[PDB]
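**Q** Pasting in a structure now, in structure tokens, and then I'll have a few things to ask.
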Amino acid sequence: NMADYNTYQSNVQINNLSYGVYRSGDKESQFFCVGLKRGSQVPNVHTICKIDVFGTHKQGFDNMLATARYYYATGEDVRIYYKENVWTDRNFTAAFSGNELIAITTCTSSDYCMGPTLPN
Amino acid sequence: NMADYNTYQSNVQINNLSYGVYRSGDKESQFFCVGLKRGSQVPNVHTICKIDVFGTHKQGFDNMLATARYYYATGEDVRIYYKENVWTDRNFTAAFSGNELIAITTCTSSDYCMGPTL
Amino acid sequence: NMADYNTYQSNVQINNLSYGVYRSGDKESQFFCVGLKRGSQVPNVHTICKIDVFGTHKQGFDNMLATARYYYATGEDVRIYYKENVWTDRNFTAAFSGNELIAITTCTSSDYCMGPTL
Amino acid sequence: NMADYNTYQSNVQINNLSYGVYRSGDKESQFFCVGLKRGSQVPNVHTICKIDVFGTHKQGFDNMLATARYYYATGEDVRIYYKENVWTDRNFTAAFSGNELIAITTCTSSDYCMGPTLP
Amino acid sequence: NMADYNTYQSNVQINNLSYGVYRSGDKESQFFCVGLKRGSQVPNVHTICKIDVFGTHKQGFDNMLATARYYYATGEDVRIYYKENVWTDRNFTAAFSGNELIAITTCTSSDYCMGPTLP
Ligand SMILES: CC(=O)N[C@H]1[C@H]([C@H](O)[C@H](O)CO)O[C@@](O[C@H]2[C@@H](O)[C@@H](CO)O[C@@H](O[C@H]3[C@H](O)[C@@H](O)[C@@H](O)O[C@@H]3CO)[C@@H]2O)(C(=O)O)C[C@@H]1O
Ligand SMILES: CC(=O)N[C@H]1[C@H]([C@H](O)[C@H](O)CO)O[C@@](O[C@H]2[C@@H](O)[C@@H](CO)O[C@@H](O[C@H]3[C@H](O)[C@@H](O)[C@@H](O)O[C@@H]3CO)[C@@H]2O)(C(=O)O)C[C@@H]1O
Ligand SMILES: CC(=O)N[C@H]1[C@H]([C@H](O)[C@H](O)CO)O[C@@](O[C@H]2[C@@H](O)[C@@H](CO)O[C@@H](O[C@H]3[C@H](O)[C@@H](O)[C@@H](O)O[C@@H]3CO)[C@@H]2O)(C(=O)O)C[C@@H]1O
Ligand SMILES: CC(=O)N[C@H]1[C@H]([C@H](O)[C@H](O)CO)O[C@@](O[C@@H]2[C@@H](O)[C@H](O)O[C@H](CO)[C@@H]2O)(C(=O)O)C[C@@H]1O
Ligand SMILES: CC(=O)N[C@H]1[C@H]([C@H](O)[C@H](O)CO)O[C@@](O[C@@H]2[C@@H](O)[C@H](O)O[C@H](CO)[C@@H]2O)(C(=O)O)C[C@@H]1O
Ligand SMILES: CC(=O)N[C@H]1[C@H]([C@H](O)[C@H](O)CO)O[C@@](O)(C(=O)O)C[C@@H]1O
Ligand SMILES: [Ca+2]
Ligand SMILES: [Cl-]
Ligand SMILES: [Cl-]
Ligand SMILES: [Cl-]
Ligand SMILES: [Cl-]
Ligand SMILES: [Cl-]
Ligand SMILES: [Cl-]
Ligand SMILES: [Cl-]
Ligand SMILES: [Cl-]
Ligand SMILES: [Cl-]
Ligand SMILES: [Cl-]
């Protein structure tokens, strides 16, 4: 069991994207946020964010951004691994969410995406 | 609300892009500007720039550039958050604008774009 | 022969890609993994990973990611060089594998891929 | 007017591209050059270059290259701002030119390219 | 002439690409190699490599790689400038080559590629 990989939404698509610069607390940050759909439906949790200088995992901001962007471009089916209730900037969470983006993997069927699932 | 996110234009397209290097004050800078339209119309503020070593927020130059270029390439509907009357180099502002680029988010209808609204 | 180039699969395709951030041991890491098919079949070794701050070769993370993603986009025949039984984090291996990604070369025919062979 | 923005070619296309590594003096450098055309014509200035550790603006090498490469790909109309008589290495300028690349902007018509112009 | 720019092959296509990590001479390195064709033929020197921590010019590894990947993608006509027999790790040379990548420029036709040429 990988820590932080037990909260995911599978077979979703990235259909919105935000990227910006922002001062939060006392730090100048960059952030991006993905908006999620599942076909014509909107998943329960639909907005996941990553911030360069805040979070449980500060590494990989540029790589995650490029990855998100590619998937937004193709619109393909992906699994999004995320972490709930991370951001405490109430201004930020009101506008986007408290969710922190952890990983994105691809799917090869309505039923299977790459990466760990809750056993079983 | 999010500081610096109260000034924006929704459902615009990035129909022109400028990138260049330039000496301003006594500092060597990089800059890019987006030119905007809303359909056949030109909005109030239509030129918005970001500069690597100047501005209210200096971070994110490369990621903001890569992002603007993506949207220039697709011609898709976006919202642009910016900050007014930032640049003090009067040669620059005359040629482009005094507007600093803060964020770019995507839009799915004339109603909804991602990010905070007022 | 070249150290670490004795183990490979030729003429497979990358049909899935994983990228994420993860704490392993005491380190904050990035990883990505390619998932492999050979046509419609799954090959013996089907999952190969690279991690920025762990491995036989920590260099080239961004360039290896960029390369994988490229071949994922095209779906072309590649030959993949890898090192088995590298990762010792048993939560990682169970979720992906213990194979470390060493190199990716291209293929012009079902008979030839670039790079050393045994 | 912006200092280095008086010299430009409008509504051209980048139809050739060079990139390489080169020792000039005792300084190891990278350079890239754009080759220009105007539809079927070739403008007065047809070769323009940027070098990572030489020139009037050493910054923005990676971004300028990515920008030029993109425009090379789409082959679209751009405006090119440059600086003449920069490069002192006579081997380099005989091989390419003495022109330094300052900026690249896009054009939405034959009448308009983004960026300043003269009177 | 430009030092290191007198050895080249014009109007070739990059038809193969290798990228990997590797330990040589007790240093941890990245390398990539382009493989070349000329139409239905294979030029005299068909494999040219660049290595991040070794070579006559160690700069520009990411930019050269990105450049070579682009031309692998398009399969278009290019001129490759290289330097011969630089690599001394015989494992590597037997597997790939001993040639170091110096520059890549684009061609408009079989008469003209960008960059310095011999008379
Ligand atoms: C492209 C450009 O405009 N560059 C100029 C920058 C930018 O306008 C600025 O960084 C964006 O915020 O500004 C430069 O001039 C500033 C500098 O001389 C500082 C010196 O401390 O003063 C600034 O004015 C301040 C002033 O210091 C405060 O007392 C108070 O009045 O606020 C004003 C707000 O501007 C100058 O604008 C710079 O070098 O930083 C000149 C650049 O050409
Ligand atoms: C993602 C992951 O698996 N990370 C683990 C890493 C990687 O397996 C490793 O870096 C791959 O090269 O390994 C970690 O555990 C190693 C660490 O405790 C070191 C301390 O010296 O010991 C390693 O085992 C060695 C051992 O040191 C040798 O004496 C001999 O027994 O061989 C083994 C072979 O590995 C541990 O693998 C790490 O801390 O780097 C744990 C990571 O979670
Ligand atoms: C991929 C690879 O082959 N790496 C080897 C490198 C490169 O071939 C080299 O950098 C090419 O420029 O070479 C290594 O061995 C060199 C090293 O031991 C140095 C010591 O400083 O000597 C080099 O040969 C010199 C020689 O010392 C001089 O007398 C004169 O002949 O110049 C030559 C230049 O080739 C060795 O080639 C290295 O570690 O740098 C071994 C690498 O595996
Ligand atoms: C944290 C969590 O709830 N994870 C669930 C996930 C979400 O609950 C769900 O997506 C909320 O929108 O749902 C998962 O299972 C899904 C199925 O319930 C659905 O019928 O089909 C989906 C694929 O199209 C998906 O398999 C999921 O997204 O994987 C299960 C997961 O643990
Ligand atoms: C190092 C060297 O000899 N370089 C030559 C080059 C090579 O010999 C050749 O590429 C080996 O395959 O050949 C050059 O001239 C070429 C002609 O030999 C060829 O018939 O047509 C080529 C264009 O398709 C080209 O004109 C070259 O590649 O430029 C000359 C170069 O110095
Ligand atoms: C974008 C954001 O929400 N930043 C906030 C962070 C993050 O919530 C945590 O770092 C999450 O781990 O927490 C703070 O206490 C901090 O570190 O300054 C306040 C800050 O404003
Ligand atoms: Ca051509
Ligand atoms: Cl754990
Ligand atoms: Cl979890
Ligand atoms: Cl949400
Ligand atoms: Cl993309
Ligand atoms: Cl304006
Ligand atoms: Cl496997
Ligand atoms: Cl010229
Ligand atoms: Cl074209
Ligand atoms: Cl245009
Ligand atoms: Cl060869």
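Ligands are numbered from 1 in the order shown, chains are lettered A, B, ... in the order of the structure tokens, and residues start at 1 in each chain.
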Could you write out as a ChimeraX atom specification the residues of chain C within 10 Å of chain A, counting only C-alpha atoms?

**A** /C:15-24,28-35,47,52,62,65-66,69,73,89-96

**Q** Give the alpha helix (DSSP H) residues of chain E, as assigned by DSSP on the backbone, as a PDB file with N, CA, C and O atoms, in the first residue's frame.

**A**
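Contents of the output file states-v7.pdb:
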ATOM      1  N   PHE E  61      23.183  20.139 -23.849  1.00  0.00           N
ATOM      2  CA  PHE E  61      22.663  18.775 -23.904  1.00  0.00           C
ATOM      3  C   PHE E  61      21.137  18.724 -24.050  1.00  0.00           C
ATOM      4  O   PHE E  61      20.619  18.027 -24.919  1.00  0.00           O
ATOM      5  N   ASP E  62      20.419  19.475 -23.222  1.00  0.00           N
ATOM      6  CA  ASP E  62      18.958  19.485 -23.294  1.00  0.00           C
ATOM      7  C   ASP E  62      18.457  20.122 -24.603  1.00  0.00           C
ATOM      8  O   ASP E  62      17.509  19.633 -25.231  1.00  0.00           O
ATOM      9  N   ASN E  63      19.094  21.212 -25.017  1.00  0.00           N
ATOM     10  CA  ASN E  63      18.699  21.871 -26.265  1.00  0.00           C
ATOM     11  C   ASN E  63      19.016  21.062 -27.530  1.00  0.00           C
ATOM     12  O   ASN E  63      18.217  21.033 -28.458  1.00  0.00           O
ATOM     13  N   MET E  64      20.168  20.396 -27.563  1.00  0.00           N
ATOM     14  CA  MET E  64      20.485  19.508 -28.675  1.00  0.00           C
ATOM     15  C   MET E  64      19.490  18.331 -28.753  1.00  0.00           C
ATOM     16  O   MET E  64      18.989  17.994 -29.833  1.00  0.00           O
ATOM     17  N   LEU E  65      19.219  17.708 -27.607  1.00  0.00           N
ATOM     18  CA  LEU E  65      18.269  16.596 -27.522  1.00  0.00           C
ATOM     19  C   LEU E  65      16.896  16.996 -28.008  1.00  0.00           C
ATOM     20  O   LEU E  65      16.298  16.303 -28.823  1.00  0.00           O
ATOM     21  N   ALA E  66      16.385  18.103 -27.487  1.00  0.00           N
ATOM     22  CA  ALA E  66      15.104  18.620 -27.928  1.00  0.00           C
ATOM     23  C   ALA E  66      15.106  18.914 -29.441  1.00  0.00           C
ATOM     24  O   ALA E  66      14.114  18.678 -30.136  1.00  0.00           O
ATOM     25  N   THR E  67      16.228  19.424 -29.944  1.00  0.00           N
ATOM     26  CA  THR E  67      16.358  19.740 -31.358  1.00  0.00           C
ATOM     27  C   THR E  67      16.334  18.452 -32.188  1.00  0.00           C
ATOM     28  O   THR E  67      15.624  18.340 -33.198  1.00  0.00           O
ATOM     29  N   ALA E  68      17.120  17.474 -31.761  1.00  0.00           N
ATOM     30  CA  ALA E  68      17.181  16.222 -32.485  1.00  0.00           C
ATOM     31  C   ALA E  68      15.835  15.490 -32.404  1.00  0.00           C
ATOM     32  O   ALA E  68      15.405  14.882 -33.383  1.00  0.00           O
ATOM     33  N   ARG E  69      15.167  15.549 -31.251  1.00  0.00           N
ATOM     34  CA  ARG E  69      13.861  14.911 -31.154  1.00  0.00           C
ATOM     35  C   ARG E  69      12.861  15.515 -32.148  1.00  0.00           C
ATOM     36  O   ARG E  69      12.065  14.786 -32.756  1.00  0.00           O
ATOM     37  N   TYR E  70      12.889  16.841 -32.287  1.00  0.00           N
ATOM     38  CA  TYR E  70      12.022  17.538 -33.234  1.00  0.00           C
ATOM     39  C   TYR E  70      12.216  17.028 -34.669  1.00  0.00           C
ATOM     40  O   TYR E  70      11.245  16.795 -35.388  1.00  0.00           O
ATOM     41  N   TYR E  71      13.469  16.854 -35.082  1.00  0.00           N
ATOM     42  CA  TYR E  71      13.752  16.463 -36.458  1.00  0.00           C
ATOM     43  C   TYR E  71      13.566  14.964 -36.655  1.00  0.00           C
ATOM     44  O   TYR E  71      13.349  14.498 -37.780  1.00  0.00           O
ATOM     45  N   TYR E  72      13.674  14.207 -35.570  1.00  0.00           N
ATOM     46  CA  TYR E  72      13.266  12.813 -35.617  1.00  0.00           C
ATOM     47  C   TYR E  72      11.766  12.811 -35.930  1.00  0.00           C
ATOM     48  O   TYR E  72      11.292  12.081 -36.795  1.00  0.00           O
ATOM     49  N   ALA E  73      11.022  13.655 -35.225  1.00  0.00           N
ATOM     50  CA  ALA E  73       9.588  13.733 -35.416  1.00  0.00           C
ATOM     51  C   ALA E  73       9.223  14.068 -36.874  1.00  0.00           C
ATOM     52  O   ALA E  73       8.411  13.380 -37.474  1.00  0.00           O
ATOM     53  N   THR E  74       9.833  15.097 -37.458  1.00  0.00           N
ATOM     54  CA  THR E  74       9.455  15.495 -38.813  1.00  0.00           C
ATOM     55  C   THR E  74      10.109  14.672 -39.925  1.00  0.00           C
ATOM     56  O   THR E  74       9.599  14.634 -41.043  1.00  0.00           O
ATOM     57  N   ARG E  90      35.063   2.151 -25.344  1.00  0.00           N
ATOM     58  CA  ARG E  90      34.872   1.236 -26.464  1.00  0.00           C
ATOM     59  C   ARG E  90      33.564   0.457 -26.365  1.00  0.00           C
ATOM     60  O   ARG E  90      33.002   0.054 -27.376  1.00  0.00           O
ATOM     61  N   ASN E  91      33.083   0.245 -25.144  1.00  0.00           N
ATOM     62  CA  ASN E  91      31.763  -0.343 -24.964  1.00  0.00           C
ATOM     63  C   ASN E  91      30.732   0.523 -25.674  1.00  0.00           C
ATOM     64  O   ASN E  91      29.911   0.029 -26.446  1.00  0.00           O
ATOM     65  N   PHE E  92      30.801   1.825 -25.418  1.00  0.00           N
ATOM     66  CA  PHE E  92      29.846   2.772 -25.977  1.00  0.00           C
ATOM     67  C   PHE E  92      30.002   2.897 -27.493  1.00  0.00           C
ATOM     68  O   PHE E  92      29.014   2.928 -28.219  1.00  0.00           O
ATOM     69  N   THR E  93      31.237   2.968 -27.979  1.00  0.00           N
ATOM     70  CA  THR E  93      31.446   3.188 -29.408  1.00  0.00           C
ATOM     71  C   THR E  93      31.028   1.980 -30.246  1.00  0.00           C
ATOM     72  O   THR E  93      30.496   2.136 -31.350  1.00  0.00           O
ATOM     73  N   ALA E  94      31.282   0.778 -29.736  1.00  0.00           N
ATOM     74  CA  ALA E  94      30.868  -0.438 -30.426  1.00  0.00           C
ATOM     75  C   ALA E  94      29.333  -0.557 -30.469  1.00  0.00           C
ATOM     76  O   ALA E  94      28.770  -1.141 -31.394  1.00  0.00           O
ATOM     77  N   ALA E  95      28.664   0.017 -29.475  1.00  0.00           N
ATOM     78  CA  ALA E  95      27.212  -0.055 -29.371  1.00  0.00           C
ATOM     79  C   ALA E  95      26.560   1.071 -30.154  1.00  0.00           C
ATOM     80  O   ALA E  95      25.487   0.906 -30.736  1.00  0.00           O
TER      81      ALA E  95
END

**Q** Could you please extract the residues within 9 Å of ligand 16, counting only C-alpha atoms and all ligand atoms, and hand them back as number ranges by chain?

**A** B: 15-16; D: 76-78, 106-109, 113

**Q** After least-squares alignment of chain C to chain B over all Cα atoms in order, what RMSD do you get?

**A**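 The RMSD between chain C and chain B over C-alpha atoms is 0.3 Å.
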
**Q** Could you work out how far CA of residue 95 in chain A lies from CA of residue 48 in chain B, giving the answer in Å with one decimal?

**A** 22.6 Å

**Q** Neighbouring residues of range 32-42 of chain E were defined as those with any atom within 6 Å, considering only C-alpha atoms; residues of the same chain fewer than 2 positions away were excluded. Please report them as a ChimeraX atom specification.

**A** /E:12-19,46-50

**Q** Return as a compact mmCIF listing (two decimals) with N, CA, C and O atoms, in the first residue's frame every polymer residue, whether protein, DNA or RNA, with at least one atom no more than 7 Å from an atom of ligand 13; count only C-alpha atoms and all ligand atoms.

**A**
# COMPACT_ATOMS: atom_id res chain seq x y z
N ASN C 44 6.47 -10.16 -20.65
CA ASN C 44 6.93 -10.62 -19.34
C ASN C 44 7.03 -9.46 -18.36
O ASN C 44 6.29 -9.39 -17.38
N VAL C 45 7.97 -8.57 -18.65
CA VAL C 45 8.15 -7.31 -17.94
C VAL C 45 7.28 -6.28 -18.65
O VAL C 45 7.44 -6.05 -19.85
N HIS C 46 6.35 -5.67 -17.92
CA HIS C 46 5.37 -4.78 -18.54
C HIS C 46 5.37 -3.40 -17.88
O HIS C 46 4.78 -2.46 -18.41
N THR C 47 6.03 -3.28 -16.73
CA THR C 47 6.05 -2.02 -15.99
C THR C 47 7.46 -1.64 -15.58
O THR C 47 8.14 -2.41 -14.88
N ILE C 48 7.88 -0.45 -16.01
CA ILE C 48 9.25 0.05 -15.87
C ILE C 48 9.22 1.50 -15.38
O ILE C 48 8.49 2.33 -15.92
N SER C 97 6.43 -1.70 -10.10
CA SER C 97 7.37 -2.81 -10.19
C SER C 97 8.69 -2.45 -9.56
O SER C 97 8.85 -1.35 -9.06
N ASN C 99 11.46 -2.61 -11.50
CA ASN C 99 12.31 -2.45 -12.67
C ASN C 99 12.70 -1.00 -12.90
O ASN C 99 11.83 -0.12 -12.91

**Q** Which residues are near residue 84 in chain D? Cut-off 10 Å, only C-alpha atoms, ignore same chain within fewer than 6 positions. Put them as number ranges by chain.

**A** D: 7, 45, 48, 97-101

**Q** With C-alpha atoms retained, could you export that selection as a compact mmCIF listing (two decimals), in the first residue's frame?

**A**
# COMPACT_ATOMS: atom_id res chain seq x y z
CA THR D 7 14.98 47.27 -36.51
CA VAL D 45 18.10 40.56 -43.61
CA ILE D 48 19.28 36.25 -37.42
CA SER D 97 25.37 36.89 -39.98
CA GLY D 98 26.08 39.72 -37.57
CA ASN D 99 22.40 40.02 -36.63
CA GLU D 100 21.22 39.47 -33.06
CA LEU D 101 17.66 38.32 -32.44

**Q** Quick one: of E:86, E:60, E:79, E:2, who's nearest to ligand 3, counting only C-alpha atoms and all ligand atoms?

**A** E:86

**Q** Counting only C-alpha atoms and all ligand atoms, what residues are within 7 Å of ligand 5, given as a short mmCIF file (atom, residue, chain, number, x, y, z; two decimals) with N, CA and C atoms, in the first residue's frame?

**A**
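The resulting selection.cif:
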data_model
loop_
_atom_site.label_atom_id
_atom_site.label_comp_id
_atom_site.auth_asym_id
_atom_site.auth_seq_id
_atom_site.Cartn_x
_atom_site.Cartn_y
_atom_site.Cartn_z
N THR E 7 33.21 19.35 -40.65
CA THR E 7 32.80 17.97 -40.85
C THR E 7 31.28 17.82 -40.79
N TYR E 8 30.63 17.58 -41.93
CA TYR E 8 29.16 17.47 -41.94
C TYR E 8 28.60 16.57 -43.02
N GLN E 9 27.32 16.25 -42.88
CA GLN E 9 26.57 15.53 -43.91
C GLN E 9 25.25 16.27 -44.12
N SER E 10 25.05 16.76 -45.35
CA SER E 10 23.85 17.52 -45.71
C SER E 10 22.75 16.63 -46.29
N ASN E 11 21.51 17.10 -46.21
CA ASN E 11 20.37 16.37 -46.77
C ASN E 11 20.29 14.92 -46.30
N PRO E 43 24.14 6.90 -44.98
CA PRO E 43 25.39 7.66 -45.14
C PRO E 43 26.59 6.98 -44.48
N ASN E 44 27.78 7.46 -44.83
CA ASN E 44 29.03 6.88 -44.35
C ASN E 44 29.10 6.83 -42.83
N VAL E 45 28.79 7.95 -42.19
CA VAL E 45 28.66 7.97 -40.75
C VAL E 45 27.18 8.12 -40.41
N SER E 110 18.14 20.38 -52.10
CA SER E 110 19.39 19.62 -52.15
C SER E 110 20.60 20.50 -52.47
N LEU E 118 31.94 24.05 -47.03
CA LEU E 118 33.24 24.10 -47.69
C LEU E 118 33.08 24.40 -49.19
#

**Q** Compute the set of protein, DNA and RNA residues whose minimum atom distance to ligand 1 is at most 6 Å, using only C-alpha atoms and all ligand atoms, and state it as a compact mmCIF listing (two decimals) with N, CA, C and O atoms, in the first residue's frame.

**A**
# COMPACT_ATOMS: atom_id res chain seq x y z
N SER B 24 15.71 47.13 -19.32
CA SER B 24 14.82 48.12 -18.72
C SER B 24 15.38 48.48 -17.36
O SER B 24 15.83 47.61 -16.61
N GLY B 25 15.37 49.77 -17.04
CA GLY B 25 16.17 50.24 -15.93
C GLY B 25 17.57 49.80 -16.30
O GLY B 25 17.97 49.91 -17.47
N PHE B 54 10.93 41.75 -13.22
CA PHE B 54 10.13 42.84 -12.67
C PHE B 54 8.70 42.36 -12.40
O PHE B 54 8.26 41.35 -12.93
N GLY B 55 7.97 43.10 -11.57
CA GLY B 55 6.57 42.81 -11.39
C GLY B 55 6.20 42.52 -9.95
O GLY B 55 7.06 42.33 -9.09
N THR B 56 4.89 42.52 -9.69
CA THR B 56 4.35 42.20 -8.38
C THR B 56 4.55 40.72 -8.03
O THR B 56 4.66 40.35 -6.87
N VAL B 86 1.13 48.46 -13.60
CA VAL B 86 2.29 47.93 -12.93
C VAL B 86 3.56 48.55 -13.50
O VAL B 86 4.27 49.27 -12.81
N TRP B 87 3.84 48.31 -14.78
CA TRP B 87 5.12 48.73 -15.37
C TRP B 87 5.35 50.25 -15.35
O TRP B 87 4.44 51.03 -15.63
N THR B 88 6.57 50.66 -15.01
CA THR B 88 6.89 52.08 -14.97
C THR B 88 7.85 52.50 -16.08
O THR B 88 8.15 53.67 -16.24
N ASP B 89 8.34 51.54 -16.86
CA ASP B 89 9.16 51.86 -18.01
C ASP B 89 8.24 52.39 -19.11
O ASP B 89 7.53 51.62 -19.76

**Q** Check which residues of chain A sit at most 7 Å from ligand 10 using only C-alpha atoms and all ligand atoms, and return one row each with the closest pair of atoms and their distance in Å to one decimal, ordered by chain and rising number, as a Markdown table.

**A**
| residue | atom | partner | partner_atom_place_in_ligand_line | distance |
| --- | --- | --- | --- | --- |
| A:45 | CA | ligand 10 | 1 (Cl) | 4.2 |
| A:46 | CA | ligand 10 | 1 (Cl) | 4.4 |
| A:47 | CA | ligand 10 | 1 (Cl) | 4.2 |
| A:48 | CA | ligand 10 | 1 (Cl) | 6.7 |
| A:97 | CA | ligand 10 | 1 (Cl) | 5.3 |
